[PDB]
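Each ligand, and each atom within it, is numbered from 1 in the order the structure gives. Index from 1, following the sequence.
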Amino acid sequence: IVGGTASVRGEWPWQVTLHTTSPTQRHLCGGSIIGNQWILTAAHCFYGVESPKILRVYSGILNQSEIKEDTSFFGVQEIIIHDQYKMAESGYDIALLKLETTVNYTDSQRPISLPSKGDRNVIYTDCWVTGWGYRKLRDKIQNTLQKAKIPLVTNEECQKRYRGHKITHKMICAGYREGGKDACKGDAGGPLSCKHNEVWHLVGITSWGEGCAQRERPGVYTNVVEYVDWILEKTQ
Ligand SMILES: NCc1cccc(-c2cccc(C(=O)Nc3ccccc3CC(=O)O)c2)c1
Ligand code: NA
């Protein structure tokens, strides 16, 4: 996250850190708890991943330094990538992880609701992007989970900033005109969480953009509401 601030314990209890374990153990991407054995994340995170055997999902983490050799984690039973996915920039950047066991919900780990059926006309004005990603293009994974409030921009405006790409209604965009706050490497797969009537909803999945926090180049996110039929079908 560029231009963010440190989160505190329990602040974003749906946020998980997905680690790979080979050839070293490291944070790969973010994800969101959406059900008792289900993480929603970005398909592009799994480039070159041979199988789910080399993944671990850690919930209830604030600082990456908390993770020790005896820290509990969930194995991944299945990786479900959208059948139309090809590359992040070309859309369908969405995947589900089915965990090997269930997540017991507490103040530090619980699910986030999807955008509600019937809420098409809701205008989200309180949206936050979170993660352990880089603070700029040439950086490293951050220790403490970062947060930044980012305004949505219309798809019409977003398309004008990305004339070499097809911005579709399966995407949404968020960023400031003068940049300064955005997601960056290591944040993909995590949530764009928006609060409406004091309930948080998973509006976007961090996906891609041109650089990080550059002026007039908003972050591009998977538009979760356009995938509810797909998510519900896979998780039923
Ligand atoms: N501001 C837009 C924005 C939003 C999110 C990520 C980036 C960004 C920047 C530079 C490099 C990368 C990258 O190599 N990613 C990658 C590739 C394969 C697997 C996992 C990942 C991590 C990931 O995507 O987080 C991503 C940019
Ligand atoms: Na769908």
Side-chain angles (χ1 to χ4, degrees), residues 1-4 15-20 22 24 26-32 34 40-50 54-55 64 79-97 114-115 117 120 128-142 145-146 148 150 153 158 161-162 165 167-176 178-192 202 204-236:
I1 303 290
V2 187
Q15 172 87 59
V16 301
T17 170
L18 175 63
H19 281 211
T20 178
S22 90
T24 73
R26 74 181 175 87
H27 165 92
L28 175 61
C29 272
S32 298
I34 64 160
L40 193 65
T41 185
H44 86 251
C45 293
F46 304 100
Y47 179 76
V49 168
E50 63 99 24
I54 72 163
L55 302 176
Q64 290 286 329
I79 304 161
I80 305 176
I81 289 172
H82 196 286
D83 65 16
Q84 285 176 252
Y85 173 74
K86 304 180 63 183
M87 87 186 303
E89 301 84 353
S90 59
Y92 302 94
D93 195 10
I94 190 170
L96 284 158
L97 306 179
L114 300 180
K117 184 179 179 59
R120 177 165 288 183
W128 294 73
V129 65
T130 48
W132 292 270
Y134 285 17
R135 301 161 295 181
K136 59 181 184 303
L137 221 59
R138 192 63 57 89
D139 201 28
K140 59 197 175 187
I141 295 308
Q142 299 300 291
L145 180 63
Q146 302 286 297
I150 324 287
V153 299
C158 194
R161 306 305 185 191
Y162 288 114
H165 295 98
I167 304 305
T168 70
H169 290 310
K170 303 201 156 283
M171 295 167 181
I172 55 180
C173 307
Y176 291 87
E178 296 306 320
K181 290 179 181 180
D182 193 7
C184 203
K185 182 174 179 173
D187 293 320
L192 177 67
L202 184 55
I205 305 165
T206 301
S207 180
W208 65 279
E210 182 176 313
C212 302
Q214 296 303 119
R215 71 180 303 275
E216 297 178 357
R217 292 299 183 265
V220 186
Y221 297 78
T222 303
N223 188 12
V224 174
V225 74
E226 293 299 333
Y227 292 91
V228 176
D229 287 5
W230 182 90
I231 296 166
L232 293 180
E233 197 276 330
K234 298 300 183 174
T235 66
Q236 38 127 20

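Close approach to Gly209 involves these atoms of ligand 1, each under 4.0 Å from a residue heavy atom: 2 (C), 3 (C).
Distances from atom 10 (C) of ligand 1 to the heavy atoms of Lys136, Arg217, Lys185, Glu210 put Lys185 nearest. The heavy atom nearest to atom 25 (O) of ligand 1, considering only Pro218, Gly186, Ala42, is found in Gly186.
Contact between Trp208 and ligand 1 is present, with at least one heavy atom of the residue lying under 4.0 Å from the ligand. Distances shorter than 4.0 angstrom do not occur between any heavy atom of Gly219 and any atom of ligand 1. Under a 4.0 Å heavy-atom criterion, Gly211 is in contact with ligand 1.
For ligand 1, none of its N or O atoms has an N or O atom of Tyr47 under 3.5 Å away. Considering backbone and side-chain atoms alike, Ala188 places an N or O below 3.5 Å from some N or O of ligand 1. Considering backbone and side-chain N/O atoms, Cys212 never comes within less than 3.5 Å of an N/O atom of ligand 1.
Side chains of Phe46 and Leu55 form a contact here, defined as non-hydrogen atoms less than 4.5 Å apart. In this structure the side chain of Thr41 never reaches within 4.5 angstrom of the side chain of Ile205, judged on heavy atoms. Side-chain contact check for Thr20 versus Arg26: some heavy-atom pair is nearer than 4.5 Å.
Counting heavy atoms closer than 4.0 Å to ligand 1, residue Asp182 contributes side-chain atoms (C-beta onward) but none from N, CA, C or O.
You'll find the ring centres of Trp208 and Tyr162 inside the 6.0 Å limit. For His44 and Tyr85, the ring centers are positioned 6.0 Å apart or more.
For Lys136, the NZ atom counts as densely surrounded, since its 6.0 Å shell holds more than 12 non-hydrogen atoms of other residues, nucleotides or ligands.
If you check the side chains of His19 and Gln64, you find a donor sitting under 3.5 Å from an acceptor.
The nearest protein atom to atom 19 (C) of ligand 1, hydrogens excluded, is given as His44 O, 3.6 Å; this is a heavy-atom distance.
No donor-acceptor pair closer than 3.5 Å links the side chain of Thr222 to the backbone N or O of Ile94.
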